[PDB]
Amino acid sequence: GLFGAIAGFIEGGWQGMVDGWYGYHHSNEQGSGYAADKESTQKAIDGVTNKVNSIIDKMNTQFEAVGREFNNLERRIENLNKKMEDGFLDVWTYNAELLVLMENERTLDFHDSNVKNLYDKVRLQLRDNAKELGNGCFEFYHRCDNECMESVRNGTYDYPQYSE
């Protein structure tokens, strides 16, 4: 990826999380489980939905079709007519194929950016109070029960705590 996260410092995807694109896996004294981050999953949904719509709508007034007849002594204008309809056909075909290639690339790197932004939302919260495992995981320097985990997930984590 372009942002280093997806298939980068986070080596693989979670077949286990089905509630969203980006999320968490916690492991504490009350057990394990997956949890999707709705705030960033929904935002990414709005984004690529707008992307799809902007593509469809920008190309509604394209080039049309109409057939035209020419007699045997009108070969020049018949050829002109063919060449210009094939012309617009080619540039619109190029315009659609190129647009898809370009945006598909922005979209993949968009997801890669969202994950990296999520990892840092947590990292910038658990400052001293945890250590970077280097693989997308954070080891806690204390006990983080299910209420505490939620404080990390919804961005209300409290730093006023010791850690050693």
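For every residue, the number given is its place in the sequence shown, counted from 1.
Asks: With reference to the PDB entry, specify whether the mean Cα temperature factor is higher for 39-47 or for 131-139.
Replies: That would be 131-139.
Asks: Between 75-83 and 88-96, name whichever shows the higher mean Cα B factor according to the PDB entry.
Replies: According to the entry, 88-96 carries the higher average C-alpha B-factor.
Asks: Between 110, 63, 70, 119, let me know which has the highest C-alpha B-factor in the entry?
Replies: Of 110, 63, 70, 119, 63 has the highest C-alpha B-factor.
Asks: Can you pull the Cα B-factors for 27, 104, 114, 54 from the entry and say which is highest?
Replies: By C-alpha B-factor in the record, 27 ranks first.
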